[PDB]
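K.L.:
Take a look at the following structure, please.
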Amino acid sequence: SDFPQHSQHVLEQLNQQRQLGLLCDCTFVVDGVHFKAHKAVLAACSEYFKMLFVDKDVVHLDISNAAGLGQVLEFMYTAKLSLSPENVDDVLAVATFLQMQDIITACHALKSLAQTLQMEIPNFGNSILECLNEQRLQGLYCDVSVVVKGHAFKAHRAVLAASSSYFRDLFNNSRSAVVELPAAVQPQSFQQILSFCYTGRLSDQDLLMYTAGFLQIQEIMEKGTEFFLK
């Protein structure tokens, strides 16, 4: 069975982690403002960032508008952009540096013209989650392994924390890169859980629930609604 809001909930959590500083792994400082973010989301949104990361502790970028950076980030984390003649140049200079062709063409359009322009990339959640899964299957940006009876599972701290309060609480307090789970947890069970965290699809039903409870993955308990029409 599928959990059709799962992706969205993950993106909203990843976004909230950002706005509070929690569980991020990189930071932009510009004009005194700090913006924390996750490499894996940046790279899933932008070929520029992906390429930048194949190369360094620190890198200098030729962006100087903070509000602009702030909105490109917001877009990457919510799939919404609202362009006005108040902000269009800001955004444009940032999108131009990052070679984000979408945002650029949209800025050019608005500018060719009171003029407002909203964009929304449909099913963004889904797309981003798919990229995070793919990254995960190759060890890209994974900053933790979860060991279950000798089997290591690579993953992203931030994604696990998006679905599990156990992992949210653990990673907010410790920075250890290896994590063992209680002996009751089986590899097949954690597997299914891991797949659900990364895909929104779930397929012993008791041990799975036990494991979900220990991880405090509340969304798995949402069974939906049966509507009997007679």
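Order determines the names: the first chain of the structure tokens is A, the second B, and so forth; residues in each chain are numbered 1 upward, and ligands are numbered 1 upward as they are shown.
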Taking only C-alpha atoms into account, produce a table as JSON lines in which each residue of region 16-89 of chain A with an atom at most 7 Å from an atom of region 123-139 of chain A appears once, together with its shortest atom pair and the distance in Å to one decimal, ordered by chain and rising number.
P.N.:
```
{"residue": "A:40", "atom": "CA", "partner": "A:132", "partner_atom": "CA", "distance": 6.9}
{"residue": "A:44", "atom": "CA", "partner": "A:131", "partner_atom": "CA", "distance": 5.9}
{"residue": "A:79", "atom": "CA", "partner": "A:124", "partner_atom": "CA", "distance": 6.2}
```
K.L.:
Select from region 103-195 of chain A every residue with an atom at most 10 Å from any atom of region 219-226 of chain A, then for each give the shortest pair of atoms and their distance in Å to one decimal, using only C-alpha atoms, rows by chain and rising number, as JSON lines.
P.N.:
```
{"residue": "A:163", "atom": "CA", "partner": "A:219", "partner_atom": "CA", "distance": 7.5}
{"residue": "A:164", "atom": "CA", "partner": "A:219", "partner_atom": "CA", "distance": 9.0}
{"residue": "A:193", "atom": "CA", "partner": "A:220", "partner_atom": "CA", "distance": 9.3}
```
K.L.:
List every residue of chain A that DSSP, applied to the backbone of this structure, places in strand (DSSP E), and write the result as a VMD selection string.
P.N.:
chain A and resid 26 to 30 33 to 37 80 to 83 117 to 120 144 to 148 151 to 155 178 to 180
K.L.:
Between A:208, A:157, A:176, A:78, which has the minimum distance to residue 191 (chain A) (counting only C-alpha atoms)?
P.N.:
A:208
K.L.:
Excluding same-chain residues fewer than 6 positions from region 166-172 of chain A, what lies within 8 Å of it counting only C-alpha atoms, as an MDAnalysis selection string?
P.N.:
chainID A and resid 22:23 157:158 160 214:216
K.L.:
Leaving out residue 2 (chain A) and any residue of its chain fewer than 4 positions from it, which residues lie within 10 Å of it when counting only C-alpha atoms, given as a PDB file with N, CA, C and O atoms, in the first residue's frame?
P.N.:
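Contents of around-v1.pdb, as written:
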```
ATOM      1  N   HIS A   6       3.302  10.988   1.650  1.00  0.00           N
ATOM      2  CA  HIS A   6       4.585  10.766   2.312  1.00  0.00           C
ATOM      3  C   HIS A   6       5.688  11.710   1.845  1.00  0.00           C
ATOM      4  O   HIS A   6       6.373  12.373   2.645  1.00  0.00           O
ATOM      5  N   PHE A 196      10.131   2.388   2.812  1.00  0.00           N
ATOM      6  CA  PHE A 196       9.016   3.307   3.057  1.00  0.00           C
ATOM      7  C   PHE A 196       9.469   4.747   3.319  1.00  0.00           C
ATOM      8  O   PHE A 196       8.815   5.672   2.905  1.00  0.00           O
ATOM      9  N   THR A 199      10.420   6.007  -0.219  1.00  0.00           N
ATOM     10  CA  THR A 199       9.539   5.808  -1.389  1.00  0.00           C
ATOM     11  C   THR A 199       8.055   5.965  -1.099  1.00  0.00           C
ATOM     12  O   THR A 199       7.267   5.913  -2.018  1.00  0.00           O
ATOM     13  N   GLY A 200       7.655   5.997   0.169  1.00  0.00           N
ATOM     14  CA  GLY A 200       6.234   6.059   0.546  1.00  0.00           C
ATOM     15  C   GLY A 200       5.411   4.803   0.257  1.00  0.00           C
ATOM     16  O   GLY A 200       4.187   4.842   0.302  1.00  0.00           O
ATOM     17  N   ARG A 201       6.069   3.683  -0.017  1.00  0.00           N
ATOM     18  CA  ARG A 201       5.366   2.419  -0.300  1.00  0.00           C
ATOM     19  C   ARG A 201       5.831   1.409   0.749  1.00  0.00           C
ATOM     20  O   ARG A 201       7.010   1.332   1.095  1.00  0.00           O
ATOM     21  N   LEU A 202       4.871   0.688   1.303  1.00  0.00           N
ATOM     22  CA  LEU A 202       5.116  -0.313   2.311  1.00  0.00           C
ATOM     23  C   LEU A 202       4.595  -1.635   1.790  1.00  0.00           C
ATOM     24  O   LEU A 202       3.534  -1.669   1.176  1.00  0.00           O
ATOM     25  N   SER A 203       5.344  -2.712   2.019  1.00  0.00           N
ATOM     26  CA  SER A 203       4.860  -4.090   1.803  1.00  0.00           C
ATOM     27  C   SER A 203       5.397  -5.016   2.899  1.00  0.00           C
ATOM     28  O   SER A 203       6.527  -4.829   3.372  1.00  0.00           O
TER      29      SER A 203
END
```
K.L.:
What is the CA of residue 155 (chain A)-CA of residue 45 (chain A) distance in Å, reported with one decimal?
P.N.:
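So the answer is 18.7 Å.
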K.L.:
Residues of region 74-154 of chain A that have any atom at most 9 Å from an atom of region 59-67 of chain A: could you tabulate them with the shortest-distance atom pair and the distance in Å to one decimal, using only C-alpha atoms, ordered by chain and increasing number, as CSV?
P.N.:
```
residue,atom,partner,partner_atom,distance
A:87,CA,A:67,CA,8.2
A:90,CA,A:65,CA,6.1
A:91,CA,A:67,CA,8.0
A:93,CA,A:63,CA,7.6
A:94,CA,A:63,CA,6.1
A:97,CA,A:63,CA,7.2
```
K.L.:
Using only N, CA and C atoms, please write the residues we just selected to a file, as a PDB file, in the first residue's frame.
P.N.:
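Written file, selection.pdb:
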```pdb
ATOM      1  N   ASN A  87      11.458  41.627  -6.533  1.00  0.00           N
ATOM      2  CA  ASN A  87      12.504  40.623  -6.246  1.00  0.00           C
ATOM      3  C   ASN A  87      13.123  39.990  -7.470  1.00  0.00           C
ATOM      4  N   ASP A  90      17.192  40.195  -8.080  1.00  0.00           N
ATOM      5  CA  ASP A  90      17.766  39.374  -7.004  1.00  0.00           C
ATOM      6  C   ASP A  90      17.801  37.870  -7.355  1.00  0.00           C
ATOM      7  N   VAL A  91      16.618  37.349  -7.598  1.00  0.00           N
ATOM      8  CA  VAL A  91      16.460  35.971  -7.950  1.00  0.00           C
ATOM      9  C   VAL A  91      17.207  35.645  -9.220  1.00  0.00           C
ATOM     10  N   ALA A  93      19.812  37.091 -10.585  1.00  0.00           N
ATOM     11  CA  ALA A  93      21.266  37.085 -10.514  1.00  0.00           C
ATOM     12  C   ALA A  93      21.747  35.729  -9.873  1.00  0.00           C
ATOM     13  N   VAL A  94      21.087  35.344  -8.786  1.00  0.00           N
ATOM     14  CA  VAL A  94      21.295  34.027  -8.180  1.00  0.00           C
ATOM     15  C   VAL A  94      21.011  32.845  -9.114  1.00  0.00           C
ATOM     16  N   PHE A  97      23.775  32.639 -11.691  1.00  0.00           N
ATOM     17  CA  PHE A  97      25.032  32.024 -11.251  1.00  0.00           C
ATOM     18  C   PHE A  97      24.898  30.463 -11.176  1.00  0.00           C
TER      19      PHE A  97
END
```
